[PDB]
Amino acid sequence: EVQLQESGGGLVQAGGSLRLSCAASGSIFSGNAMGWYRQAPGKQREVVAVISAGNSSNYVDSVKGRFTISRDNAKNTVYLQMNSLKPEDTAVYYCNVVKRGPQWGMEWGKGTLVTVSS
């Protein structure tokens, strides 16, 4: 029982663009920082971008200038606009609430798959 669902992944060539979306229960989303994470095979999910309920955003250096995170508070939905995609962006992407402390032990949705062809 998770309260999140991601969509919008696809296969694209390098230089392409995608827009991911995640709809979440208001009880997870409302008033709370939300983030996009990505996972490649064998590895932990790594946070990519985060957005506060007051629209403050954070990004890992390697996606700055390329990705944009946003939220629609009336639909409890978070978005990740992914431009200038690179093979190093190939991963399963997940959204979740961004809690204090380490992220271990949360329940996750199914993710959405993004492949950027070599």
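Residue positions are given as counts along the sequence shown, with the first one as 1.
Asks: When the C-alpha temperature factors are averaged for each of 41-49 and 75-83, which stretch ends up with the higher value in the entry?
Replies: Between 41-49 and 75-83, it is 41-49.
Asks: For the chain shown, is the CA B-factor of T115 in the lowest, middle or highest third of its modelled residues?
Replies: It falls in the bottom third of the chain.
Asks: Quick check on the deposited entry: does the C-alpha B-factor of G105 sit in the lowest, middle or highest third of its chain?
Replies: According to the entry, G105 has a C-alpha B-factor in the chain's highest third.
Asks: So where's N55 on the chain's Cα temperature factor ranking, which third?
Replies: Within its chain, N55 is a highest-third residue by C-alpha B-factor, going by the deposited values.
Asks: Among the modelled residues of its chain, does the C-alpha B-factor of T90 lie in the lowest, middle or highest third?
Replies: Lowest third, going by the recorded CA B-factors of the chain.
Asks: Among the modelled residues of this chain, does the Cα B factor of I28 put it in the lowest, middle or highest third?
Replies: Its C-alpha B-factor, which the entry lists for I28, ranks in the highest third among residues of this chain.
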